[PDB]
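As stored in run28.cif (mmCIF, N, CA and C atoms):
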```cif
data_run
#
loop_
_atom_site.label_atom_id
_atom_site.label_comp_id
_atom_site.auth_asym_id
_atom_site.auth_seq_id
_atom_site.Cartn_x
_atom_site.Cartn_y
_atom_site.Cartn_z
N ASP U 451 99.25 100.33 137.24
CA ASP U 451 100.02 101.24 138.08
C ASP U 451 100.64 102.39 137.30
N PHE U 452 100.72 102.27 135.97
CA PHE U 452 101.28 103.36 135.18
C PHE U 452 100.41 104.61 135.21
N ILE U 453 99.10 104.47 135.43
CA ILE U 453 98.19 105.60 135.29
C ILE U 453 98.67 106.79 136.12
N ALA U 454 98.81 106.58 137.43
CA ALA U 454 99.26 107.66 138.30
C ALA U 454 100.59 108.22 137.84
N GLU U 455 101.52 107.33 137.46
CA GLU U 455 102.82 107.80 137.00
C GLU U 455 102.68 108.67 135.76
N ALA U 456 101.76 108.32 134.87
CA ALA U 456 101.50 109.15 133.71
C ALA U 456 100.97 110.51 134.14
N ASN U 457 100.12 110.54 135.16
CA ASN U 457 99.67 111.81 135.72
C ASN U 457 100.84 112.64 136.21
N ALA U 458 101.93 111.98 136.62
CA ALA U 458 103.12 112.70 137.04
C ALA U 458 103.91 113.25 135.86
N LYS U 459 103.80 112.62 134.69
CA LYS U 459 104.62 113.02 133.55
C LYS U 459 103.98 114.12 132.71
N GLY U 460 102.69 114.03 132.43
CA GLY U 460 102.04 115.07 131.67
C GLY U 460 101.50 114.61 130.33
N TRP U 461 101.40 115.53 129.37
CA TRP U 461 100.75 115.23 128.11
C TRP U 461 101.72 114.91 126.99
N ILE U 462 102.94 115.45 127.01
CA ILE U 462 103.87 115.19 125.92
C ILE U 462 104.25 113.72 125.87
N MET U 463 104.36 113.07 127.03
CA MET U 463 104.87 111.72 127.10
C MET U 463 103.77 110.67 127.08
N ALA U 464 102.55 111.06 126.69
CA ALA U 464 101.46 110.10 126.58
C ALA U 464 101.71 109.06 125.50
N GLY U 465 102.56 109.36 124.53
CA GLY U 465 102.82 108.40 123.46
C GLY U 465 103.48 107.13 123.97
N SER U 466 104.46 107.26 124.86
CA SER U 466 105.22 106.11 125.34
C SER U 466 104.36 105.14 126.13
N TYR U 467 103.15 105.53 126.52
CA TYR U 467 102.23 104.65 127.22
C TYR U 467 101.34 103.85 126.28
N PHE U 468 101.51 103.96 124.96
CA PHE U 468 100.55 103.36 124.04
C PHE U 468 100.37 101.87 124.28
N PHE U 469 101.46 101.11 124.30
CA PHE U 469 101.24 99.67 124.44
C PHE U 469 100.75 99.30 125.83
N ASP U 470 100.82 100.22 126.79
CA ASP U 470 100.12 100.02 128.05
C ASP U 470 98.62 100.17 127.86
N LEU U 471 98.20 101.22 127.15
CA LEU U 471 96.78 101.43 126.90
C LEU U 471 96.19 100.28 126.11
N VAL U 472 96.91 99.79 125.10
CA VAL U 472 96.45 98.61 124.37
C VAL U 472 96.44 97.39 125.28
N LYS U 473 97.37 97.34 126.24
CA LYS U 473 97.33 96.28 127.24
C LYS U 473 96.13 96.39 128.16
N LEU U 474 95.42 97.52 128.15
CA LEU U 474 94.30 97.75 129.05
C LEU U 474 92.95 97.67 128.34
N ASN U 475 92.75 98.46 127.29
CA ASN U 475 91.45 98.48 126.62
C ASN U 475 91.12 97.11 126.03
N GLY U 476 92.12 96.42 125.48
CA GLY U 476 91.91 95.05 125.06
C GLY U 476 91.45 94.17 126.21
N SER U 477 92.09 94.31 127.38
CA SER U 477 91.65 93.58 128.56
C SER U 477 90.26 93.99 129.02
N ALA U 478 89.78 95.16 128.59
CA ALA U 478 88.39 95.53 128.84
C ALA U 478 87.44 94.77 127.93
N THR U 479 87.86 94.45 126.71
CA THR U 479 87.04 93.71 125.77
C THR U 479 87.30 92.21 125.80
N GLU U 480 88.22 91.75 126.64
CA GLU U 480 88.53 90.33 126.75
C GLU U 480 87.68 89.66 127.82
N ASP U 483 98.31 70.15 128.47
CA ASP U 483 99.49 69.35 128.19
C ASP U 483 100.76 70.16 128.45
N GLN U 484 101.57 69.70 129.41
CA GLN U 484 102.80 70.37 129.79
C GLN U 484 103.98 69.45 129.54
N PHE U 485 105.00 69.96 128.87
CA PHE U 485 106.22 69.22 128.59
C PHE U 485 107.42 70.06 128.97
N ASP U 486 108.41 69.43 129.61
CA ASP U 486 109.58 70.15 130.07
C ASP U 486 110.42 70.61 128.88
N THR U 487 110.81 71.89 128.90
CA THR U 487 111.60 72.48 127.83
C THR U 487 112.84 73.13 128.44
N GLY U 488 113.99 72.87 127.84
CA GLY U 488 115.24 73.40 128.34
C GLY U 488 115.94 72.52 129.35
N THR U 489 115.70 71.20 129.33
CA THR U 489 116.35 70.31 130.27
C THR U 489 117.86 70.26 130.05
N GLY U 490 118.32 70.57 128.85
CA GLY U 490 119.73 70.52 128.54
C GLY U 490 120.27 69.14 128.27
N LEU U 491 119.41 68.11 128.25
CA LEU U 491 119.86 66.77 127.94
C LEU U 491 120.35 66.63 126.50
N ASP U 492 120.04 67.61 125.64
CA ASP U 492 120.57 67.59 124.28
C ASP U 492 122.08 67.74 124.26
N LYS U 493 122.65 68.46 125.23
CA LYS U 493 124.09 68.66 125.27
C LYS U 493 124.85 67.39 125.62
N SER U 494 124.17 66.35 126.08
CA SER U 494 124.83 65.10 126.40
C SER U 494 125.40 64.45 125.15
N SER U 495 126.46 63.66 125.33
CA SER U 495 127.15 63.03 124.22
C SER U 495 127.46 61.58 124.56
N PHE U 496 127.57 60.76 123.53
CA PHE U 496 127.95 59.36 123.69
C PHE U 496 128.68 58.91 122.44
N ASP U 497 129.98 58.67 122.57
CA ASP U 497 130.83 58.32 121.44
C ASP U 497 131.40 56.92 121.65
N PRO U 498 131.08 55.95 120.79
CA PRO U 498 131.59 54.59 120.98
C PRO U 498 133.03 54.42 120.53
N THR U 499 133.46 55.22 119.55
CA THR U 499 134.79 55.06 118.99
C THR U 499 135.89 55.32 120.01
N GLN U 500 135.56 55.95 121.14
CA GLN U 500 136.54 56.14 122.20
C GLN U 500 136.99 54.82 122.80
N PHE F 800 106.15 145.33 94.19
CA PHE F 800 106.94 144.12 94.00
C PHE F 800 108.32 144.20 94.63
N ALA F 801 108.81 145.41 94.92
CA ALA F 801 110.10 145.57 95.58
C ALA F 801 110.03 145.38 97.09
N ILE F 802 108.86 145.55 97.70
CA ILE F 802 108.79 145.57 99.16
C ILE F 802 109.12 144.20 99.73
N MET F 803 108.30 143.19 99.40
CA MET F 803 108.41 141.89 100.04
C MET F 803 109.80 141.29 99.88
N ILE F 804 110.41 141.47 98.71
CA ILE F 804 111.76 140.95 98.50
C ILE F 804 112.77 141.74 99.33
N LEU F 805 112.66 143.07 99.32
CA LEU F 805 113.71 143.90 99.92
C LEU F 805 113.88 143.60 101.40
N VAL F 806 112.77 143.48 102.13
CA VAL F 806 112.86 143.12 103.53
C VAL F 806 113.39 141.70 103.68
N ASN F 807 112.95 140.78 102.81
CA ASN F 807 113.40 139.39 102.88
C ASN F 807 114.92 139.31 102.91
N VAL F 808 115.56 139.77 101.83
CA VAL F 808 117.02 139.73 101.76
C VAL F 808 117.65 140.55 102.87
N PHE F 809 116.93 141.54 103.41
CA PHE F 809 117.47 142.33 104.50
C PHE F 809 117.51 141.52 105.79
N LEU F 810 116.49 140.69 106.01
CA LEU F 810 116.33 140.00 107.28
C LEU F 810 116.75 138.54 107.24
N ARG F 811 116.94 137.97 106.06
CA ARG F 811 117.27 136.55 105.94
C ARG F 811 118.49 136.13 106.74
N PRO F 812 119.64 136.83 106.68
CA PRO F 812 120.78 136.37 107.49
C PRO F 812 120.51 136.42 108.98
N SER F 813 120.06 137.57 109.49
CA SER F 813 119.79 137.71 110.91
C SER F 813 118.85 136.62 111.40
N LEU F 814 117.71 136.45 110.71
CA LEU F 814 116.76 135.42 111.10
C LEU F 814 117.39 134.04 111.07
N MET F 815 118.27 133.80 110.09
CA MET F 815 118.98 132.52 110.07
C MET F 815 119.74 132.31 111.37
N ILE F 816 120.48 133.32 111.82
CA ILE F 816 121.16 133.21 113.11
C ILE F 816 120.15 133.01 114.22
N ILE F 817 119.00 133.68 114.11
CA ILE F 817 117.92 133.50 115.08
C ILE F 817 117.53 132.03 115.14
N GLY F 818 117.46 131.38 113.98
CA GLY F 818 117.13 129.98 113.93
C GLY F 818 118.30 129.04 114.12
N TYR F 819 119.51 129.57 114.25
CA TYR F 819 120.66 128.69 114.48
C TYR F 819 120.81 128.36 115.96
N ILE F 820 121.14 129.37 116.77
CA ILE F 820 121.43 129.13 118.18
C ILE F 820 120.21 128.55 118.88
N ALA F 821 119.04 129.14 118.60
CA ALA F 821 117.79 128.60 119.13
C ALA F 821 117.67 127.12 118.81
N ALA F 822 117.89 126.75 117.55
CA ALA F 822 117.81 125.35 117.18
C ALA F 822 118.82 124.51 117.94
N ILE F 823 120.02 125.06 118.16
CA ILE F 823 121.03 124.33 118.92
C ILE F 823 120.49 123.96 120.29
N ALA F 824 119.68 124.84 120.88
CA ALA F 824 119.02 124.49 122.13
C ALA F 824 118.03 123.36 121.92
N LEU F 825 117.15 123.50 120.92
CA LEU F 825 116.03 122.56 120.78
C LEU F 825 116.53 121.13 120.59
N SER F 826 117.46 120.93 119.65
CA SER F 826 118.02 119.60 119.44
C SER F 826 118.51 119.00 120.74
N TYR F 827 119.16 119.82 121.58
CA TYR F 827 119.56 119.41 122.91
C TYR F 827 118.41 118.73 123.63
N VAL F 828 117.35 119.50 123.90
CA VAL F 828 116.24 118.96 124.66
C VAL F 828 115.62 117.79 123.92
N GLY F 829 115.78 117.76 122.59
CA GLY F 829 115.31 116.65 121.79
C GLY F 829 115.76 115.34 122.39
N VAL F 830 117.08 115.18 122.55
CA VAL F 830 117.60 113.94 123.10
C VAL F 830 116.96 113.67 124.45
N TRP F 831 116.88 114.70 125.29
CA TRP F 831 116.31 114.53 126.62
C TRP F 831 114.88 114.04 126.54
N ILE F 832 114.08 114.59 125.61
CA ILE F 832 112.71 114.13 125.44
C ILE F 832 112.71 112.63 125.20
N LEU F 833 113.58 112.18 124.29
CA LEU F 833 113.70 110.75 124.04
C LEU F 833 114.03 110.01 125.33
N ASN F 834 115.06 110.48 126.04
CA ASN F 834 115.48 109.81 127.25
C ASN F 834 114.44 109.92 128.35
N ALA F 835 113.42 110.76 128.16
CA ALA F 835 112.36 110.85 129.15
C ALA F 835 111.44 109.64 129.10
N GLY F 836 111.30 109.01 127.93
CA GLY F 836 110.32 107.94 127.83
C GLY F 836 110.72 106.71 127.06
N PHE F 837 111.91 106.72 126.45
CA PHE F 837 112.31 105.61 125.60
C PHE F 837 112.29 104.29 126.36
N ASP F 838 112.91 104.27 127.54
CA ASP F 838 112.95 103.05 128.34
C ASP F 838 111.55 102.55 128.69
N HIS F 839 110.55 103.43 128.69
CA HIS F 839 109.18 103.00 128.93
C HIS F 839 108.45 102.65 127.65
N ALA F 840 108.82 103.25 126.51
CA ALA F 840 108.22 102.85 125.25
C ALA F 840 108.76 101.52 124.76
N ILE F 841 109.91 101.09 125.30
CA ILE F 841 110.50 99.80 124.97
C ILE F 841 110.23 98.76 126.04
N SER F 842 109.42 99.09 127.05
CA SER F 842 109.28 98.24 128.23
C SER F 842 108.73 96.86 127.86
N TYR F 843 107.49 96.81 127.37
CA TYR F 843 106.91 95.52 127.01
C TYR F 843 107.63 94.91 125.82
N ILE F 844 108.15 95.75 124.92
CA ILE F 844 108.88 95.26 123.75
C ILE F 844 110.19 94.61 124.16
N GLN F 845 110.64 94.84 125.39
CA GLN F 845 111.78 94.13 125.94
C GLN F 845 111.46 93.63 127.35
#
```
Could you express the structure from this file as structure tokens?
Amino acid sequence: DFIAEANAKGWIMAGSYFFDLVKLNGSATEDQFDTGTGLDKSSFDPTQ
Amino acid sequence: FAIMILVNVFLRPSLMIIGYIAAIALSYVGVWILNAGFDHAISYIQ
């Protein structure tokens, strides 16, 4: 979708699109475990 | 050998002022140029 928007901006700002172009030309040549459960924050102290 | 120097020292101050105020404009638009695309050059990077 950037292409048309680049047509709106012109030639000076073609640099800022570089990693978009690399996101495109590269695409032209181209077990699950739960993370962040927060159970690590749990505590158990017997001395209480 | 007197010509090229004589005009130089004659015009150096004026031209400096020519390059002062004009430059004050350019640096201005400089920031704007950055603000024209920075948020898009940092898009995937953020």
Exercise for the section: Let me know the residues the PyMOL selection byres ((chain U and name CA) within 12 of (chain F and name CA)) catches in the file above, as a PyMOL selection string. Expected result: chain U and resi 452+455-456+459-460+462-473
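Atom pair atom N of residue 803 of chain F / atom C of residue 816 of chain F: separated by 21.5 Å.
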Practice task
Mind giving me the straight-line distance from atom N of residue 451 of chain U to atom CA of residue 476 of chain U in Å, one decimal?
Solution key: 15.2 Å
Fill in the blank from the handout: re atom N of residue 818 of chain F and atom C of residue 461 of chain U: distance 26.2 Å
Expected file content for segment 474-498 of chain U, N, CA, C and O atoms, as an mmCIF file, in the first residue's frame:
```cif
data_model
loop_
_atom_site.group_PDB
_atom_site.id
_atom_site.type_symbol
_atom_site.label_atom_id
_atom_site.label_comp_id
_atom_site.auth_asym_id
_atom_site.auth_seq_id
_atom_site.Cartn_x
_atom_site.Cartn_y
_atom_site.Cartn_z
ATOM 1 N N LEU U 474 9.883 -6.002 -0.116
ATOM 2 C CA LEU U 474 9.150 -6.413 -1.305
ATOM 3 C C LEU U 474 9.995 -7.261 -2.247
ATOM 4 O O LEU U 474 9.602 -8.381 -2.585
ATOM 5 N N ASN U 475 11.153 -6.755 -2.680
ATOM 6 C CA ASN U 475 11.966 -7.493 -3.642
ATOM 7 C C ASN U 475 12.418 -8.828 -3.066
ATOM 8 O O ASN U 475 12.444 -9.841 -3.776
ATOM 9 N N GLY U 476 12.769 -8.851 -1.780
ATOM 10 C CA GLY U 476 13.039 -10.120 -1.128
ATOM 11 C C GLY U 476 11.857 -11.066 -1.207
ATOM 12 O O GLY U 476 12.016 -12.248 -1.523
ATOM 13 N N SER U 477 10.650 -10.552 -0.951
ATOM 14 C CA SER U 477 9.447 -11.364 -1.094
ATOM 15 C C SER U 477 9.205 -11.787 -2.537
ATOM 16 O O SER U 477 8.445 -12.733 -2.773
ATOM 17 N N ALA U 478 9.823 -11.106 -3.504
ATOM 18 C CA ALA U 478 9.775 -11.572 -4.883
ATOM 19 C C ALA U 478 10.689 -12.769 -5.102
ATOM 20 O O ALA U 478 10.381 -13.636 -5.928
ATOM 21 N N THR U 479 11.806 -12.834 -4.381
ATOM 22 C CA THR U 479 12.742 -13.944 -4.497
ATOM 23 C C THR U 479 12.503 -15.032 -3.458
ATOM 24 O O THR U 479 13.228 -16.032 -3.453
ATOM 25 N N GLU U 480 11.512 -14.865 -2.587
ATOM 26 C CA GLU U 480 11.205 -15.862 -1.568
ATOM 27 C C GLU U 480 10.166 -16.857 -2.076
ATOM 28 O O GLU U 480 9.415 -16.564 -3.006
ATOM 29 N N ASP U 483 5.980 -26.990 17.262
ATOM 30 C CA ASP U 483 6.018 -26.991 18.719
ATOM 31 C C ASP U 483 5.712 -25.603 19.269
ATOM 32 O O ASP U 483 6.446 -24.649 19.014
ATOM 33 N N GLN U 484 4.623 -25.495 20.025
ATOM 34 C CA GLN U 484 4.186 -24.232 20.603
ATOM 35 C C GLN U 484 4.187 -24.346 22.120
ATOM 36 O O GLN U 484 3.651 -25.311 22.675
ATOM 37 N N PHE U 485 4.790 -23.363 22.784
ATOM 38 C CA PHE U 485 4.839 -23.307 24.237
ATOM 39 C C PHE U 485 4.419 -21.920 24.696
ATOM 40 O O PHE U 485 4.829 -20.914 24.110
ATOM 41 N N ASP U 486 3.603 -21.870 25.746
ATOM 42 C CA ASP U 486 3.101 -20.594 26.237
ATOM 43 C C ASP U 486 4.230 -19.784 26.862
ATOM 44 O O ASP U 486 5.002 -20.297 27.677
ATOM 45 N N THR U 487 4.323 -18.514 26.476
ATOM 46 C CA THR U 487 5.349 -17.608 26.970
ATOM 47 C C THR U 487 4.683 -16.360 27.529
ATOM 48 O O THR U 487 3.792 -15.785 26.896
ATOM 49 N N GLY U 488 5.116 -15.945 28.716
ATOM 50 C CA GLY U 488 4.535 -14.792 29.368
ATOM 51 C C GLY U 488 3.356 -15.090 30.263
ATOM 52 O O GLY U 488 2.524 -14.202 30.480
ATOM 53 N N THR U 489 3.252 -16.314 30.785
ATOM 54 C CA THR U 489 2.137 -16.653 31.662
ATOM 55 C C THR U 489 2.173 -15.853 32.956
ATOM 56 O O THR U 489 1.133 -15.665 33.596
ATOM 57 N N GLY U 490 3.349 -15.380 33.357
ATOM 58 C CA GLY U 490 3.482 -14.641 34.591
ATOM 59 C C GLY U 490 3.521 -15.489 35.839
ATOM 60 O O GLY U 490 3.558 -14.932 36.943
ATOM 61 N N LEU U 491 3.518 -16.816 35.705
ATOM 62 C CA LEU U 491 3.613 -17.688 36.867
ATOM 63 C C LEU U 491 4.959 -17.577 37.568
ATOM 64 O O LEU U 491 5.088 -18.050 38.702
ATOM 65 N N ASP U 492 5.957 -16.970 36.922
ATOM 66 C CA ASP U 492 7.236 -16.735 37.581
ATOM 67 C C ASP U 492 7.097 -15.765 38.746
ATOM 68 O O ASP U 492 7.830 -15.875 39.734
ATOM 69 N N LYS U 493 6.167 -14.813 38.652
ATOM 70 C CA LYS U 493 5.980 -13.837 39.718
ATOM 71 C C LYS U 493 5.395 -14.447 40.983
ATOM 72 O O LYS U 493 5.390 -13.781 42.024
ATOM 73 N N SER U 494 4.903 -15.681 40.923
ATOM 74 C CA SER U 494 4.353 -16.326 42.105
ATOM 75 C C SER U 494 5.450 -16.590 43.129
ATOM 76 O O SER U 494 6.626 -16.745 42.789
ATOM 77 N N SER U 495 5.054 -16.635 44.398
ATOM 78 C CA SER U 495 5.997 -16.811 45.491
ATOM 79 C C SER U 495 5.447 -17.815 46.490
ATOM 80 O O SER U 495 4.233 -17.989 46.618
ATOM 81 N N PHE U 496 6.358 -18.475 47.200
ATOM 82 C CA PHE U 496 5.988 -19.415 48.252
ATOM 83 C C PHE U 496 7.084 -19.408 49.304
ATOM 84 O O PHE U 496 8.193 -19.885 49.046
ATOM 85 N N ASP U 497 6.774 -18.875 50.482
ATOM 86 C CA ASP U 497 7.748 -18.729 51.555
ATOM 87 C C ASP U 497 7.312 -19.559 52.753
ATOM 88 O O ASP U 497 6.246 -19.288 53.332
ATOM 89 N N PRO U 498 8.082 -20.565 53.162
ATOM 90 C CA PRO U 498 7.670 -21.400 54.298
ATOM 91 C C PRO U 498 7.931 -20.743 55.643
ATOM 92 O O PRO U 498 7.217 -21.009 56.616
#
```
